[PDB]
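Written below as structure tokens is the structure these notes are about.
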There are 4 protein chains.
Amino acid sequence: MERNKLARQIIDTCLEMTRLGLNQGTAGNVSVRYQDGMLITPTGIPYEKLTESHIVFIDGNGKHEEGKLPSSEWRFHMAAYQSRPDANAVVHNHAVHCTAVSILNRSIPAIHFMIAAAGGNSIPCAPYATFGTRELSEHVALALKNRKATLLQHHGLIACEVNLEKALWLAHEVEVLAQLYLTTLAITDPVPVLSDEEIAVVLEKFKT
Amino acid sequence: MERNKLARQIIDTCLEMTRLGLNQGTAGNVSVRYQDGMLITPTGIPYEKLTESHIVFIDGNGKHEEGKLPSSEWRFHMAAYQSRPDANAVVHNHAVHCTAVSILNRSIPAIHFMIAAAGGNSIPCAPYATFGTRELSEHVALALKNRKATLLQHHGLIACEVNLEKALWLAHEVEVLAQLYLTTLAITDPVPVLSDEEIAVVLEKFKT
Amino acid sequence: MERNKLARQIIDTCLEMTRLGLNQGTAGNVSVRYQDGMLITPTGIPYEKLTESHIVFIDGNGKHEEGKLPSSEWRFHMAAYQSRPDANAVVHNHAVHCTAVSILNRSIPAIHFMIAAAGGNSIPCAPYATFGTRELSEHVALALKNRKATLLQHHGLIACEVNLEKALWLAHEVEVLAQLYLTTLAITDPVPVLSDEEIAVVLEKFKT
Amino acid sequence: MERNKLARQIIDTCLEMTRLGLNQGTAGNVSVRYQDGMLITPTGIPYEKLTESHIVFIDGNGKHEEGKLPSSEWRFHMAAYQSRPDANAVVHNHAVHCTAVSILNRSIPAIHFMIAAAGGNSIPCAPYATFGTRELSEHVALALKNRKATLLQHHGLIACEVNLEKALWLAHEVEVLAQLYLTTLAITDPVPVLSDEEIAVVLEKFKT
Ligand SMILES: [Zn+2]
Ligand SMILES: [Zn+2]
Ligand SMILES: [Zn+2]
Ligand SMILES: [Zn+2]
């Protein structure tokens, strides 16, 4: 649990994200909870050119390391960590299916039982606010109070979990749910959903 | 036909499944008929971290090996083996196209002559029941009486065949048929189909 | 221009076809004009297990080499060669977009100027007939009289050209045109097309 | 900044373009501003067979090097360079989503804030003209006056930027925006957009 081991994992997650089809270009940003703040990917630098020393430390006051420029979206990573004390890693990307659902400004309802992985019977869609602002941060903190992932209107996705592996896994699962929703929505509106009682059983089984 | 050779094949099938775009995350489970029960993938463990000793033996009574946790969906693998004595391998996944069709709760009709590979003029869609329950198992056993593959409402796909290679091959073919169906359904409803007499000729030719 | 060099190219084309996303499972078959007949891929054998000695010679009378089983669809390869004397290689597959258009039983109209690569202002769709029959062969020979590629209703695609490289290239281009057509058809019907005068200029430029 | 270093980058961009899913077959062409004209990819030659000595120099008068045949679309590369003095690299391809939007003859509106990367609140669609003509060149020069990328009706995409890395990056981003637009258009028409005031803030933030 040293800085260099955590910085490698961040970089590996960025790579895996691109391999999975979730990250296009310079879109995503990944962070881990560290000491009193977090370690996050830098702004600008292409994923494949990323080295361990590129990773940026931002303390709990929002002061970033000297000589580095953190992701332009670091503020909502810090919002996630303060709103969900159990979150230790945050993955943000502009995955195509999730982003298309966020353009329609729709929550993803319970079309599949794996929706319970984010904590409830839906994936919310937080209202639009300019990237990097305090207004965006507040919408994100409110959307993550009872969910581990949220869409961002006209923007993309944020997923948080107990470690990077799980955070990536959830982000990928939400992109599948988004794709399922858009494919079925093009055929029938509304899309058949599982009832709240059924999601309630699946949530209890997921605890077990 | 030793346990270790069969466990490698299971693992290779999981890998190939992910390579083919049919398996996302920790979704699929694969099994082979063995001795008086089966060998199946474990619950939890990521596909890429899978080693031969991770594969779990479940006897015909449903007792699993000591110290291992079988897939959470082992019960419908056992249902498949008891309902179709000719089945020696079972592939389950949550492939996107198949799962989207299962959300609409539709059978795939004879839109292409390759539908005959699953035994008839359609791919059925068995009704929803919570994962891992006896209720789900009974729907699966009934859907596989005269078909080698079935969709599972709000869930995914099960395909069975005489060996893993063929089971994977069928699962992939059903994902293509699902994609064909959804792409054409978005344009015209209903989708043109081949008549039962024509599927009857194709089935006789497939025996030859 | 020896048999072994031509058999390698067939195998390389099968591999490239799978790499390009045009061939799923055991669906495609590839042939080259040779001596008085052709060399074609065998029936059954997975693409990755294909060796040079697996390639089958079928003479101009339809007699195939001893101990080998040619593709089950060899008859329409022979139909192509007899209908288009300038064709030296034939690529057949069940590519998803082309096959979805063939299910709707539609020709692809001139939605893009690259449609001229197949010889005219459209890609035809020949009527359904059981695979491997003389009836299918006759529809294919008639569709290829003034076109180098045709869809096959409820089935897939055939493309022919002067060598394998060009035949593969055309097959890939027709899969792109099919995808363009289905994506736009889901939005507006009918799809805007280029006029015959414009396709006439593009065809003259393609000669130059 | 020698010719051979610039020719490698062109070739690397062609390869990366194919890897990204933006270039199918022999469709794209890439150029860089050089001396008094440009270096561009040749006509005909497959991307994978491309060597440094294949790259063609075209002076500012349109005279091309002896013994080489420049891309058939070099004229609109020269149009781009003369219309946008700040452009140093041009990427053209027939990416599927962009091309499908160009078939509908629609501009992409501000459905996502990344639309500001091309300079404004939209990606224009320049009217159809035969490839390689002066008429096409004039439409392209007019579309790029206040935008760094444009669709070409019934054809594809052109993107220009300060170097090849950025030009490729923009071309990829526009293909994502096209995909977002088509996916949402199939569900609802018109698609929700961000207001001009909001795009105005995002453009100021992108300067900062
Ligand atoms: Zn973002
Ligand atoms: Zn399952
Ligand atoms: Zn066929
Ligand atoms: Zn072009």
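Give me Rg/Rg_expected for chain C, where Rg uses Cα atoms only and Rg_expected = 2.2 N^0.38 Å with N residues. It is 1.00.
Contact order for chain C, expressed relative to its length and based on alpha carbon pairs under 8 Å spaced 6+ residues apart, stands at 21 percent. 3J(HN,Hα) along the range A:53-63, derived from phi through the Karplus expression 6.51 cos²θ - 1.76 cosθ + 1.60 where θ = phi - 60°, amounts to 6, 7, 4, 9, 9, 10, 6, x, 8, x, 7 Hz, with x in place of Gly and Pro. Placing unit charges on the Cβ atoms only, positive for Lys and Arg and negative for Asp and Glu, gives the range D:124-199 a dipole magnitude near 300 debye about its Cα centre. At q = 0.09 Å⁻¹, what base-10 log of I(q)/I(0) does the Debye formula yield for the range B:24-139 when every alpha carbon is treated as an equal point scatterer in vacuo? Computed log10 I(q)/I(0) values: -0.28.
Dipole magnitude for chain C: about 200 debye, using +1 per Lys or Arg Cβ and -1 per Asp or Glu Cβ, origin at the Cα centre. Sorted from nearest, the other copies put their residue B:49 label points 3.4, 3.4, 4.8 nm away, the label point being 7 Å from Cα in the direction of Cβ. Working from the Cα coordinates of the range C:87-128, the gyration tensor eigenvalues give, after taking √(5λ), semi-axes of 17, 16, 10 Å in decreasing order. Per-residue mean of foreign Cβ neighbours for C:183-194 is 6 (Cβ atoms of other chains, 10 Å radius).
Straight-line cross-link partners of residue C:63 among the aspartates and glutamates, defined as a Cα under 12 Å from its Cα and at least 8 positions apart when in the same chain: C:36.
For the residue pairs C:49/D:68; A:145/D:207; C:145/D:49; A:166/B:68, alpha carbon separations beyond 30 Å are given by C:49/D:68; A:145/D:207; C:145/D:49. Under a model in which nothing but the beta-carbon of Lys, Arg (+1) and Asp, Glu (-1) is charged, the protein assembly as shown shows a dipole of about 400 debye around its Cα centre.
To the nearest µm²/s, what D does Stokes-Einstein give for the range B:77-161 at 25 °C and 0.890 mPa s, using the Kirkwood radius over alpha carbon pairs as Rh?
Numbers: Rh = 12.6 Å.
The Stokes-Einstein estimate is 194 µm²/s.
Coupling constants for the range D:194-202 follow from the phi torsions by the Karplus curve (6.51 cos²θ - 1.76 cosθ + 1.60, θ = phi - 60°), and in residue order they are 7, 5, 4, 5, 5, 4, 4, 5, 5 Hz; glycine and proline get x.
How would you order A:73-86, D:147-160, C:65-78 from highest to lowest mean count of nearby Cβ atoms within 10 Å? Please list the in-between numbers first.
Numbers: A:73-86: 20.4, D:147-160: 25.2, C:65-78: 18.8.
Answer by packing, highest mean first, reads D:147-160, A:73-86, C:65-78.
Distances from residue D:162 to itself in the other copies, using label points 7 Å out along the Cα-Cβ axis, amount to 4.6, 4.6, 6.5 nm in increasing order.
Of interest is the spacing of the C-alpha centroids, which for the range A:48-71 and the range B:124-196 amounts to 49 Å.
In a solvent-free Debye calculation with one equal scatterer on each Cα, what is log10 I(q)/I(0) for the protein assembly as shown at q = 0.06, 0.11 Å⁻¹, listed in the order of the q values? Log-scaled intensity ratios, in q order: -0.41, -1.42.
Straight-distance candidates among the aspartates and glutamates for linking to residue B:148, with alpha-carbon spacing under 13 Å and chain neighbours fewer than 8 residues away dropped: B:86, B:161, B:173.
No lab work stands behind these numbers, since they all come straight from the coordinates. No Cβ is skipped: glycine too gets one built from the backbone with ideal geometry, and neighbour counts run over all protein chains shown.
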